[PDB]
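Reading through the structure tokens given below for one structure.
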Amino acid sequence: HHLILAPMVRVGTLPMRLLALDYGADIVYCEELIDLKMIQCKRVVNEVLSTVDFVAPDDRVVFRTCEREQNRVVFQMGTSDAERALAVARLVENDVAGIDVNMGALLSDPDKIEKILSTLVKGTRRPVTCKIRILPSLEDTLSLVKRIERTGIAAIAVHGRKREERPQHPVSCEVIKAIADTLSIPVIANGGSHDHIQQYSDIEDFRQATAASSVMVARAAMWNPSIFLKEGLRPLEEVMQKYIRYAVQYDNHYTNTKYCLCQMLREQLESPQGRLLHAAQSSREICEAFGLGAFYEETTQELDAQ
Ligand SMILES: Cc1cc2nc3c(=O)[nH]c(=O)nc-3n(C[C@H](O)[C@H](O)[C@H](O)COP(=O)(O)O)c2cc1C
Ligand SMILES: [Cl-]
């Protein structure tokens, strides 16, 4: 039945994840974080923002989660070592609701994949998932997914495109169905934005077009997070202010906030609001551009009071 926010570098930081939950996503994946950064990290409870932060040696917050999403956030790591991957899982397993391993390079070596994943399943008590592209040959694709399954992972997400297949090329619902059918564990359909998904109801269509257990949406949610809302799309302005509010409440860095709003604006980047956003050099300026200066001064004061 599940609507899932797909993992997305830069986009899937905490504000977007909360925003996606508000509009009706059941599960939110975070951006890919690399094991080699995460293993340098320290877990720190931030009583000011009421978040759990994981901080790097240069004092940067690498990953930030919070109570509202603790039963729904899936942590995705990029990794090519089973011992390193377990170490990262151990660091976060208490503050997250699942561990995902990216595979779209790693996809080449099935042995390494098998090692990493079984180490995680035996290693943590959270549902281990993974996300793959499809192989150029269907026989191999089917072989791959079956090896991956017996490692005891909770589910698998299939981006129905082959490595080095450009996004313009249609997603192959047919292979995702093949996969979904063969395996005993849930399959998560992925790859259907723009082509199949422009409106909420399109998601269940895609579910059926692929026989999958659920649907994982990226670009469509990046363009308008209210794509998870069954009642229909919200006006982009309303969504963007909602986004900014979260971003200010959780002290998001303004370059990240700006990046996400640009992905939302797109064509409308040439409106005066868009030009103001492009030009912003701080969160204050981002809020000004959307009539949220009041909100910014008010929320900043409560936060800087520790
Ligand atoms: C901005 C952006 C960043 C992405 N970052 C990641 C990432 O960190 N991890 C990942 O597994 N896939 C990443 N993806 C790919 C998506 O998760 C997904 O495979 C694909 O976009 C699904 O197709 P769809 O957009 O049609 O739903 C990214 C996609 C976009 C648009
Ligand atoms: Cl309305």
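Here's how to read the names in the structure tokens: chain A, B, ... by the order shown, residue numbers from 1 in each chain, ligand numbers from 1 in the order shown.
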Expected answer as a ChimeraX atom specification: residues within 9 Å of ligand 1, only C-alpha atoms and all ligand atoms
/A:5-12,29-33,76-78,100-104,130-133,158-161,167,171,189-197,215-222,260,263
Hey, which residues come within 10 Å of ligand 2 if we count only C-alpha atoms and all ligand atoms? Could you give them as a PyMOL selection string?
chain A and resi 231-235
Write to file, as a compact mmCIF listing (two decimals), in the first residue's frame, the residues of the selection just made, with C-alpha atoms.
# COMPACT_ATOMS: atom_id res chain seq x y z
CA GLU A 231 -6.51 14.95 -2.55
CA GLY A 232 -4.33 16.35 -5.37
CA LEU A 233 -1.38 18.71 -5.91
CA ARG A 234 -0.99 21.84 -3.75
CA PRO A 235 0.05 25.18 -5.28
Test item, helix (DSSP H, G or I) assignment across region 35-282 of chain A, answer as a count of residues only
115
Tell me, as a VMD selection string, which residues lie within 12 Å of residue 27 (chain A), counting only C-alpha atoms; anything in the same chain fewer than 2 positions away does not count.
chain A and resid 1 to 7 17 to 25 29 to 30 68 to 75 96 to 98 188 214 to 217 228
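Computed from the coordinates, the CA of residue 129 (chain A) to CA of residue 99 (chain A) distance equals 6.1 Å.
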Which of these, A:240, A:292, A:173, A:87, has the shortest distance to residue 40 (chain A) once you count only C-alpha atoms?
A:87
Identify all residues of region 10-251 of chain A in strand (DSSP E or B) (DSSP on the backbone) and supply them as a ChimeraX atom specification.
/A:27-29,33-34,42-46,51-55,61-65,73-78,98-103,128-134,155-162,187-190,193,197,214-217
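Within 7 Å of residue 52 (chain A), once only C-alpha atoms are used and residues closer than 4 positions along the same chain are dropped, the contacting residues are residues 44, 45, 46, 64, 65 and 66 of chain A.
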Selection: 8 Å around residue 114 (chain A), only C-alpha atoms, excl. self and same-chain fewer than 5 positions, as a list in words:
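In the requested format, the answer is residues 147, 148 and 151 of chain A.
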Which residue gives the smallest distance to residue 115 (chain A) among A:157, A:82, A:88, A:145, with only C-alpha atoms counted?
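The closest residue to residue 115 (chain A) is A:82.
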Taking into account only C-alpha atoms, which residue in the set A:302, A:35, A:297, A:140 is nearest to residue 83 (chain A)?
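The closest residue to residue 83 (chain A) is A:35.
With CA of residue 116 (chain A) on one side and CA of residue 95 (chain A) on the other, the separation reads 21.0 Å.
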Using only C-alpha atoms for the distances, tell me which of A:141, A:306, A:224, A:257 is nearest to residue 198 (chain A).
A:224
Give me the residues within 12 Å of residue 256 (chain A) as a PyMOL selection string, counting only C-alpha atoms and dropping any in the same chain fewer than 4 places off.
chain A and resi 9-16+243-244+247-248+251-252+260-263+280-283+286
